[PDB]
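With ideal geometry, Cβ positions are generated from the backbone for all residues, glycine too; neighbour counts draw on all protein chains shown. Read the figures in this text as sums done on the coordinates, not as results from a lab.
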Ligand SMILES: COc1ccc(C(=O)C2CCNCC2)cc1
Ligand SMILES: [Cl-]
Ligand SMILES: [Zn+2]
Ligand SMILES: [Zn+2]
C-alpha cells in the first residue's frame, strides 16, 4: 500500500504544501483517497474541407450530432474462485511460452523512443519543456529518467503517476514503460503468424479474409460477445498472470519489467480533477491503467486466455470453477498441449474485441468461468446463452463487417464496411486547435485516400474521395495527429493494386488493374442498406454539380496546382 505508493504521494503533498487537505466529502468508495490540493484548468472541431464536399450530409443527424460535444471506474471486481484462478495461471503460463517460442524479449531504446516522438504518435503523455520532441533533445530529462530508472532497480517509484482526464503520464514514465514492455508491440508478439488468434499489424484489408478463414473450420456459430467496460473488469489476478511475461526475461530487463508491473500496474497513483477544482490523489491496485499500446497487447493476451478457458468449459474439459481436481489440471494441461494452437486459430482477437468459432454451440451457454473472471458480456442477461452468427459476412469485428465482392474478371475481394454515416461523421471531425487551412486540407486528403483504399466499394465514398483529392493541391502530403497505406503521395490506383492484388496472399492471379472502372461496387441495394444516399434527390444534385463544390474549396485554398480525379469515374468520363 503506502509503502509502494507513499514516496509518490509524499512527493506530491510537498509540491502543494500550501493547499493540502484531507477532504471528507470525497466521492470515492472503491478507490483509496489520500488528499486534495488547489488546481484550476480544463472539444472536437469540424474539418471544413470535408464538410464543404459532403453537403447532403449537413441534414443527416447521425452525421451532424457526432461533432457535438463514469460509474464504471468507481467499481470493484470480486476475486475469482480457486478453480478459476488455477485455470487462468495454467493457461497464462502456457500462452506466454507459446508466444515466446519464436520471439526474444528485449529492451526498447531511447533512440527508438526518440524516433517515435518525431514521427508523432499518441503516447498518452502530459514543466521545464513544452512539446514531447523538445524534451527528448534535452539531456536533463534523460537524467530525470536515470533517477527513476535506478529507483525502479531498488524496487521503488517516485514520479510514475497517472493523470485521469484515458490515463496520461509524464513522458519519462512512458519511456520507462516502453523500455520494459515496448517489445510486445515493436516485435509483433500479437501478429497472426506468432499468436494464431491475434491480428496486430494485419490491416483492415486483411481482417475480412481472416474472418473468412476462421469460417472455413468445422464448428458451430461464430460468437462475438463484447465485454462491458473491459479495462474496469481487469482483476489483480489478471495483472499477475500478465506479469508472468517477466519469467521469459533476464538481467536488467527482467528487473525493469518487474518494477513496471509491481510499481505502476499492480499499485497505481492517479491525479483526478473534481469541480467541487481540487486535484484528488487516489490509488487502487486493479483495473487497466497502462499506455494505450501496452494496454492493447495485455488486453489481447488476457482476452486470448479468457476465450480459451470459455472454449475449455464448452468442451467439458472441467466441470466446476470452485475447485480444480489434480486430474482436471492434468486434462487442462493436456488439452493445451494437444489442441491449444488449433483452438487459438479458431479466434480473431484485437484487444477487448473477439470472434470465436468454437468446436460446437455448447460454447453459447458456457458462462461460469467467463462471468467468474469478471468478463461480463455487454447487453445480455448474465446467464442467458450467447447469440451466435451463422454467416461470417454478418459478424461484427473492430467496428466493421465484411462483404464478399466479385470483380468483373472473377477475382474475389473481401472488403471492410461500416454504416456510411459513421465514416462521413468521423472524417468531418478534426482533433485539437491551431490548424492552418493547409493542415485541415491534408487531414481531409488522409480520409479521402483511406476511403479510396478501404471503402472504394461505397458509391458515395468513392465520389467524395475523388472530389476531396481534386479539391486539395495534388502535391500536398496527407497528415494525421491498422497498416496506413493511404498515408502517401503515391498515385492511389498504384497503392490499390499493391494492397488488393500484389501483396494479397488470398489473390492467386496477380494481373494488375489498369483503371478505377475495373474496381467494383457493392450491389445498389447493399450500398443503401449500409447507409448510401443513392436514389435521393439531394445526392443526385451533389453528384451532378460536384465540380462546383470542388471549385468552391479550390477558391478558398487559392492558386495552387490541382488534378481533376472525377473522370476516373464512368459518369464524369464525358
Ligand atoms: C451510381 O449508382 C447509382 C446511383 C443511383 C441509382 C438510383 O437512382 C437508385 C438505385 C436503387 N434503386 C432505385 C434507384 C442507381 C445507381
Ligand atoms: Cl447470421
Ligand atoms: Zn516510477
Ligand atoms: Zn456493409
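If Rh is defined by the Kirkwood formula over all Cα pairs and Rg also comes from Cα, what ratio Rg/Rh do you get for region 401-572?
With Rh from the inverse mean 1/r over Cα pairs, Rg/Rh is 0.95.
Regarding region 363-424, what whole-number volume in Å³ per residue does the convex hull of its Cα atoms give?
130
Applying 1/(1 + (r/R0)^6) with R0 = 60 Å to the Cβ-Cβ distance of residue 218 and residue 536, what FRET efficiency is obtained, to the nearest 0.05?
In this case the efficiency is close to 0.85.
Let me know the whole percent of all Cα-Cα pairs from region 225-310 that are separated by more than 20 Å.
Taking all Cα-Cα pairs of region 225-310, the fraction more than 20 Å apart is 41 percent.
Evaluate the Kirkwood expression for the hydrodynamic radius of region 469-553, namely the inverse of the mean inverse distance over all pairs of different C-alpha atoms, and round to one decimal in Å.
With all distinct Cα pairs of region 469-553 included, I get 16.2 Å.
Find the all-direction average of the projected area of the Cα convex hull for region 325-459, expressing the result in square nanometres with one decimal place.
Quarter of the Cα hull surface area: 13.8 nm².
What ratio of Cα Rg to 2.2 N^0.38 Å holds for region 131-283?
Working it through for region 131-283, the quotient is 1.31.
Please work out the Cα center distance from region 268-290 to region 466-519, rounded to the nearest Å.
45
Given R₀ = 51 Å, what would the calculated FRET efficiency be for residue 569 paired with residue 252, taking r from the Cβ atoms and rounding to 0.05?
Working from the Cβ atoms, E equals 0.30.
How would you classify region 415-473 from its alpha-carbon gyration tensor, with a ≥ b ≥ c the square roots of the eigenvalues: rounded for a/c under 1.5, else prolate if a/b is greater than b/c, otherwise oblate?
Cα axes put region 415-473 in the oblate bin.
In a Debye calculation with equal point scatterers on the alpha-carbon sites of region 176-252 and no solvent, what is log10 I(q)/I(0) at q = 0.11, 0.23, 0.25, 0.26 Å⁻¹?
After summing over all Cα pairs, the log10 values are -0.46, -1.24, -1.26, -1.27.
Could you give me the radius of gyration and the Dmax of the chain, taking only the C-alpha atoms into account and expressing both in angstrom?
25.9, 78
Could you order peptides 47-55, 31-39 by the average number of other Cβ atoms within 10 Å of their residues, highest first?
Answer by packing, highest mean first, reads 47-55, 31-39.
Compute the distance from the alpha-carbon center of region 343-394 to that of region 45-116, in whole Å.
19
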